[PDB]
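1. piece number one of the complex, untouched:
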Amino acid sequence: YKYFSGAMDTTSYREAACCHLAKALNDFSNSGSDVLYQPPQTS
């Protein structure tokens, strides 16, 4: 989904947002530092 070029209403956008959230959580688990989270930016 880091190379996706579709639309926001598609389930692909929701899944990409979930992927970004999961990646942020995984990085937090390996860092343990408070970080600000925002909805994924357009790619």
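-> Received the coordinates, thanks. Numbers count the residues shown, from 1 in each chain, chains lettered A, B, ... in the order given.
2. check contacts around the spatially most central residue of chain A.
-> Centrality entry for chain A: nearest residue to the mean C-alpha point is residue A:20, 1.6 Å, by CA atoms, centre = their mean. Residues near residue A:20 by CB atoms under 8 Å, 6 or more residues apart in numbering: residue A:40. For the C-beta atoms, the positions are set from N, CA and C on the backbone; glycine is no exception.
3. Quickly note the distance from it to residue A:14.
-> 11 Å (CB to CB, to the nearest Å).
4. Looks like residue A:7 contacts residue A:14 (just checking).
-> No - with contact defined as CB atoms under 8 Å, residue A:7 does not reach residue A:14; the gap is 11.2 Å.
5. Look at residue A:13 and give its secondary structure.
-> helix (DSSP: H, G, I helix; E, B strand; the rest coil).
6. so how many other residues sit close to residue A:7?
-> 8 (other CB atoms under 10 Å).
7. sec struct for it, please.
-> State at residue A:7, reduced to three classes by three-state DSSP: coil.
8. Torsion angles phi and psi at it?
-> The phi/psi pair for residue A:7 (degrees, to the nearest 10) reads phi -120, psi 170.
9. let's put chain B on the structure above:
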Amino acid sequence: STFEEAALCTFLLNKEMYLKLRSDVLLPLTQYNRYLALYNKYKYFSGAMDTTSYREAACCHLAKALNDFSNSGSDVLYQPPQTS
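-> Time to bring in chain B:
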């Protein structure tokens, strides 16, 4: 078949297609006028495909391409607008 399909379709724009599709039977001039400035807000954030920010954004891009063709006369490929 419809202007929406023309916006969706990927094709080589030329003099023939420009002359055929410019007719007001498919797109009135009044509707064409409003298709030249709305993308300035839509370019900053995403939107649903059926909403104005995607459909009418692609329509605005197609209208701008038609205006450029009328001011340049160069046959160029038409593609769906790239995501921000």
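10. once more on the neighbour count of residue A:7, this time with chain B?
-> Neighbours of residue A:7 under the rule other CB atoms under 10 Å in any protein chain shown: 18.
11. For it, which non-adjacent residue is closest in space?
-> Nearest non-adjacent residue to residue A:7, counting by CB to CB, 6 or more residues apart in numbering or on different chains: residue B:49, 3.7 Å away.
12. which residues does the one you found contact?
-> Applying CB atoms under 8 Å, 6 or more residues apart in numbering or on different chains, one finds that residue B:49 lies in contact with A:6-10, B:55.
13. rerun at 10 Å
-> When contacts are counted by CB atoms under 10 Å, 6 or more residues apart in numbering or on different chains, residue B:49 touches A:6-10, A:13, B:55, B:58.
14. of all the residues you listed, which two lie farthest apart?
-> A:13 and B:58 (17.0 Å; CB to CB).
15. so is residue A:18 in a helix, a strand, or just coil?
-> Here residue A:18 is helix, with the state taken from three-state DSSP.
16. Distance check, it against chain B.
-> 16 Å (CB to the nearest CB, to the nearest Å).
17. swap in residue A:15?
-> Relative to chain B, residue A:15 is positioned 14 Å away (CB to the nearest CB).
18. likewise residue A:2?
-> 12 Å.
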